[PDB]
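Report on the structure given below.
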Amino acid sequence: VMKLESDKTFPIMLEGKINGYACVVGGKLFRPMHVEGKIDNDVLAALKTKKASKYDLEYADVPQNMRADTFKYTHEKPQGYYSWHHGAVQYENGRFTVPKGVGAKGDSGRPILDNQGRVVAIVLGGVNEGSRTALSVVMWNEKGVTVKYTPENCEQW
Amino acid sequence: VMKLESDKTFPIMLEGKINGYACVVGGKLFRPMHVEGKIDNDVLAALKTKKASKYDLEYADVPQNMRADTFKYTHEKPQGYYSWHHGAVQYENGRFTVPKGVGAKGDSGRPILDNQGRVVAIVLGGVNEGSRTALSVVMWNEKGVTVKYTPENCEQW
Amino acid sequence: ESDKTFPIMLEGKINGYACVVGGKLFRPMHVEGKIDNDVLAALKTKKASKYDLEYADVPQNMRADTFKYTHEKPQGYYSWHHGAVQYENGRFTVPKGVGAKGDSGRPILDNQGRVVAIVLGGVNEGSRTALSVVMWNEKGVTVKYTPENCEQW
């Protein structure tokens, strides 16, 4: 039994450029609503999406054959660190932050993960606040309720 | 357990039981006047309501943080079928009907929706007329004017 | 048996190789072209970017006719299409002047003919050339090792 985890995030192409990302979490597929482009994946690109303006997210149910190859998600956000494509992600007092100079237009849609490989949030954008850059994200509390958090003067990515 | 859609109808409690429902439509919260009890949502339960005896409806503007996530309504009511918590609702000859045995005390305030998810009416009560049971409701016409219809010998739910 | 690794054709040349290991088809992600086998060439692959690989579950009527792999990498000699390979310090090495563009995808086997790693690239380090590979540990976990300044093949 060879367990090779496959990509669960996919670049959204626009004018031949990576304008953001989509990902599959909990049998669903998500993409930031403010981000335009075509998912670099035929199968997923064809799926019709329901829109949730409140969360700047569009989503669709992933095909049956993919139901088992998606990110698991959790509400557990103890203060400490997590990871995302660019590296270390800090979580403290309800805000996710990354190092100054990391993160810019194009990262919208990237997931944030705990050490157990579980998704704790999806990035929508950010803003530099001194030595750190605070992120705008979609998260989830214990009840499964989706919550969107956006920092002061945030910039959509 | 991911919840992407917000609730739009909320039960009204009275002595531990559900006595009726309130719902958010067009940025406003509606509640049947004849129904007493506390809305099971602290923010909505505290809003000061404006009364309109004629329509047996109480209402108040929803706080902006919820204005966007409320039902869309319409005056379009072509003869045919609609839906509500209990199932198929028929609309013919200017009145809504449901099968016998469906609809009772506790259903006042529930909305009836069209296939596009828009609210066409709010239930205030009903009366059995044989194989079918006729509903009392408040609807909306062209001018956006609220209109109330009550079958013969109706009884408030 | 005998054909478990196939060439990946591009513009008429062999840009690399694909192989079936443990009921799965493997193909380097940085290698473009079509597998030299309609059956494998027809399967839809999933991307495994962290490992620079693309794979697909081979059909059932084939799972038994594919390479058998192992995590067992005891210091010693191994083999591949170009000859001897040495495993020492969690690193696979080949003699200098051996291995280059077109080898990505080739498997390395133990004395029992079991795959122990798939070649992704390599970088010369004097008399020996260090290989970048994809392998497995004592837990069935797929791993990717890449030497410094490793050029893709």
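Each chain in the structure tokens gets a letter, A, B and so on, in the order shown; residues start at 1 in every chain, and ligands are counted from 1 in the order they appear.
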* Select all residues from chain A having any atom no more than 12 Å from an atom of chain C (counting only C-alpha atoms, ignoring ligands), output as a ChimeraX atom specification. => /A:1-10,40-43,65-66,69,85
* Excluding same-chain residues fewer than 4 positions from segment 134-139 of chain A, what lies within 6 Å of it counting only C-alpha atoms, as a ChimeraX atom specification? -> /A:96-97,121-127,146-151
Can I get the selection written as a PDB file, in the first residue's frame, with N, CA, C and O atoms?
```pdb
ATOM      1  N   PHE A  96      -3.778  35.530  11.844  1.00  0.00           N
ATOM      2  CA  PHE A  96      -2.686  34.759  11.253  1.00  0.00           C
ATOM      3  C   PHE A  96      -1.726  35.814  10.697  1.00  0.00           C
ATOM      4  O   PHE A  96      -2.158  36.798  10.088  1.00  0.00           O
ATOM      5  N   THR A  97      -0.437  35.622  10.914  1.00  0.00           N
ATOM      6  CA  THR A  97       0.548  36.549  10.392  1.00  0.00           C
ATOM      7  C   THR A  97       1.713  35.786   9.807  1.00  0.00           C
ATOM      8  O   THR A  97       1.978  34.632  10.182  1.00  0.00           O
ATOM      9  N   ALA A 121      -7.274  27.337   7.598  1.00  0.00           N
ATOM     10  CA  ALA A 121      -7.749  28.576   7.001  1.00  0.00           C
ATOM     11  C   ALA A 121      -7.412  28.669   5.534  1.00  0.00           C
ATOM     12  O   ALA A 121      -6.565  27.927   5.036  1.00  0.00           O
ATOM     13  N   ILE A 122      -8.086  29.580   4.837  1.00  0.00           N
ATOM     14  CA  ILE A 122      -7.788  29.808   3.421  1.00  0.00           C
ATOM     15  C   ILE A 122      -7.478  31.296   3.300  1.00  0.00           C
ATOM     16  O   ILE A 122      -8.237  32.136   3.789  1.00  0.00           O
ATOM     17  N   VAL A 123      -6.355  31.616   2.669  1.00  0.00           N
ATOM     18  CA  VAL A 123      -5.934  33.009   2.503  1.00  0.00           C
ATOM     19  C   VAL A 123      -6.720  33.759   1.430  1.00  0.00           C
ATOM     20  O   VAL A 123      -6.972  33.223   0.357  1.00  0.00           O
ATOM     21  N   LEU A 124      -7.103  35.002   1.725  1.00  0.00           N
ATOM     22  CA  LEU A 124      -7.816  35.825   0.750  1.00  0.00           C
ATOM     23  C   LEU A 124      -6.946  37.040   0.384  1.00  0.00           C
ATOM     24  O   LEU A 124      -7.067  37.587  -0.712  1.00  0.00           O
ATOM     25  N   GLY A 125      -6.062  37.440   1.299  1.00  0.00           N
ATOM     26  CA  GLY A 125      -5.191  38.581   1.067  1.00  0.00           C
ATOM     27  C   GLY A 125      -4.467  39.003   2.340  1.00  0.00           C
ATOM     28  O   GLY A 125      -4.462  38.273   3.334  1.00  0.00           O
ATOM     29  N   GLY A 126      -3.860  40.183   2.330  1.00  0.00           N
ATOM     30  CA  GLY A 126      -3.147  40.630   3.516  1.00  0.00           C
ATOM     31  C   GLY A 126      -2.706  42.082   3.472  1.00  0.00           C
ATOM     32  O   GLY A 126      -3.079  42.823   2.567  1.00  0.00           O
ATOM     33  N   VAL A 127      -1.900  42.478   4.454  1.00  0.00           N
ATOM     34  CA  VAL A 127      -1.408  43.845   4.562  1.00  0.00           C
ATOM     35  C   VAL A 127      -0.231  43.884   5.531  1.00  0.00           C
ATOM     36  O   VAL A 127      -0.259  43.254   6.588  1.00  0.00           O
ATOM     37  N   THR A 146     -18.550  28.825   9.171  1.00  0.00           N
ATOM     38  CA  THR A 146     -17.446  29.469   8.486  1.00  0.00           C
ATOM     39  C   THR A 146     -17.358  30.911   8.955  1.00  0.00           C
ATOM     40  O   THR A 146     -18.365  31.598   9.080  1.00  0.00           O
ATOM     41  N   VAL A 147     -16.153  31.373   9.228  1.00  0.00           N
ATOM     42  CA  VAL A 147     -15.976  32.749   9.666  1.00  0.00           C
ATOM     43  C   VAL A 147     -14.937  33.439   8.793  1.00  0.00           C
ATOM     44  O   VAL A 147     -13.881  32.874   8.484  1.00  0.00           O
ATOM     45  N   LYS A 148     -15.228  34.663   8.387  1.00  0.00           N
ATOM     46  CA  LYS A 148     -14.266  35.395   7.587  1.00  0.00           C
ATOM     47  C   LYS A 148     -13.676  36.528   8.409  1.00  0.00           C
ATOM     48  O   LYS A 148     -14.403  37.271   9.057  1.00  0.00           O
ATOM     49  N   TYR A 149     -12.352  36.645   8.386  1.00  0.00           N
ATOM     50  CA  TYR A 149     -11.663  37.695   9.112  1.00  0.00           C
ATOM     51  C   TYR A 149     -10.768  38.492   8.150  1.00  0.00           C
ATOM     52  O   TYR A 149      -9.948  37.907   7.418  1.00  0.00           O
ATOM     53  N   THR A 150     -10.913  39.819   8.176  1.00  0.00           N
ATOM     54  CA  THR A 150     -10.132  40.716   7.322  1.00  0.00           C
ATOM     55  C   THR A 150      -9.472  41.849   8.131  1.00  0.00           C
ATOM     56  O   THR A 150     -10.144  42.661   8.773  1.00  0.00           O
ATOM     57  N   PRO A 151      -8.137  41.925   8.095  1.00  0.00           N
ATOM     58  CA  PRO A 151      -7.394  42.955   8.827  1.00  0.00           C
ATOM     59  C   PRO A 151      -7.648  44.362   8.300  1.00  0.00           C
ATOM     60  O   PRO A 151      -8.007  44.535   7.138  1.00  0.00           O
TER      61      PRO A 151
END
```
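Across all paired C-alpha atoms, chain B deviates from chain A by 1.7 Å RMSD after optimal superposition.
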Could you make a table, as a Markdown table, of the residues of chain A that have an atom within 9 Å of an atom of chain B, each with its nearest atom pair and distance in Å to one decimal, counting only C-alpha atoms, in chain and number order?
```
| residue | atom | partner | partner_atom | distance |
| --- | --- | --- | --- | --- |
| A:26 | CA | B:2 | CA | 7.9 |
| A:52 | CA | B:4 | CA | 7.1 |
| A:53 | CA | B:68 | CA | 8.6 |
| A:54 | CA | B:69 | CA | 7.6 |
| A:55 | CA | B:4 | CA | 8.3 |
| A:73 | CA | B:2 | CA | 8.8 |
| A:140 | CA | B:2 | CA | 7.6 |
| A:143 | CA | B:1 | CA | 7.4 |
| A:144 | CA | B:2 | CA | 4.6 |
| A:145 | CA | B:3 | CA | 5.1 |
| A:146 | CA | B:3 | CA | 6.0 |
```
With only C-alpha atoms counted and 8 Å as the cut-off, give the residues of segment 68-153 of chain A in contact with segment 28-38 of chain A, each with its shortest interatomic distance in Å and the pair that gives it, as JSON lines.
```
{"residue": "A:70", "atom": "CA", "partner": "A:28", "partner_atom": "CA", "distance": 7.9}
{"residue": "A:108", "atom": "CA", "partner": "A:32", "partner_atom": "CA", "distance": 6.6}
{"residue": "A:109", "atom": "CA", "partner": "A:32", "partner_atom": "CA", "distance": 5.7}
{"residue": "A:124", "atom": "CA", "partner": "A:32", "partner_atom": "CA", "distance": 6.5}
```
* Asked: Would you give me, as a ChimeraX atom specification, the residues in segment 5-144 of chain C that DSSP reads as helix (DSSP H, G or I)?
  -> /C:38-41,49-51,63-65
* Excluding same-chain residues fewer than 2 positions from residue 120 of chain C, what lies within 7 Å of it counting only C-alpha atoms, as a ChimeraX atom specification? -> /C:28,104-105,118,132-133,152-153
Keeping only N, CA and C atoms, write the selected residues as a tab-separated table (two decimals), in the first residue's frame.
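For reference, again_30.tsv as written:
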```
chain	number	residue	atom	x	y	z
C	28	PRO	N	8.18	11.26	-14.20
C	28	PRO	CA	8.70	12.53	-13.67
C	28	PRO	C	7.80	13.69	-14.10
C	104	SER	N	15.71	10.46	-16.16
C	104	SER	CA	14.66	10.71	-15.17
C	104	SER	C	13.53	9.71	-15.34
C	105	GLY	N	13.26	8.93	-14.31
C	105	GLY	CA	12.19	7.96	-14.40
C	105	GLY	C	12.70	6.54	-14.27
C	118	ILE	N	13.40	5.88	-7.60
C	118	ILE	CA	13.21	6.31	-8.97
C	118	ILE	C	14.09	7.55	-9.15
C	132	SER	N	19.33	12.50	-7.29
C	132	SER	CA	18.14	13.00	-6.64
C	132	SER	C	17.10	11.91	-6.91
C	133	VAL	N	16.45	11.39	-5.87
C	133	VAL	CA	15.47	10.34	-6.09
C	133	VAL	C	14.21	10.46	-5.26
C	152	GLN	N	18.08	18.49	-13.06
C	152	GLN	CA	17.04	17.54	-13.47
C	152	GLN	C	17.39	16.84	-14.77
C	153	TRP	N	17.04	15.56	-14.88
C	153	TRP	CA	17.34	14.80	-16.09
C	153	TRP	C	16.08	14.43	-16.87
```
* Which neighbours of residue 35 of chain C fall inside 8 Å, counting only C-alpha atoms, when residues of the same chain fewer than 2 positions from it are skipped, and could you give them as a PyMOL selection string? -> chain C and resi 6-9+17-18+33+37-38+40-41
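You can rank A:57, A:153, A:99, A:106 by their closest distance to residue 13 of chain A using only C-alpha atoms, and at the top of that list sits A:106.
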* Close residues, residue 10 of chain C itself excluded, 8 Å, only C-alpha atoms, min 4 positions apart in chain, as a list in words -> residues 14, 15, 32, 33 and 34 of chain C
Please produce an output containing C-alpha atoms for each residue in the selection, written as a PDB file, in the first residue's frame.
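Result written to out-v2.pdb:
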```
ATOM      1  CA  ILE C  14      13.444   9.906 -25.296  1.00  0.00           C
ATOM      2  CA  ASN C  15      12.992  12.759 -22.834  1.00  0.00           C
ATOM      3  CA  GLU C  32       7.122  16.110 -21.097  1.00  0.00           C
ATOM      4  CA  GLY C  33       6.127  13.696 -23.859  1.00  0.00           C
ATOM      5  CA  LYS C  34       3.908  10.623 -24.324  1.00  0.00           C
TER       6      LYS C  34
END
```
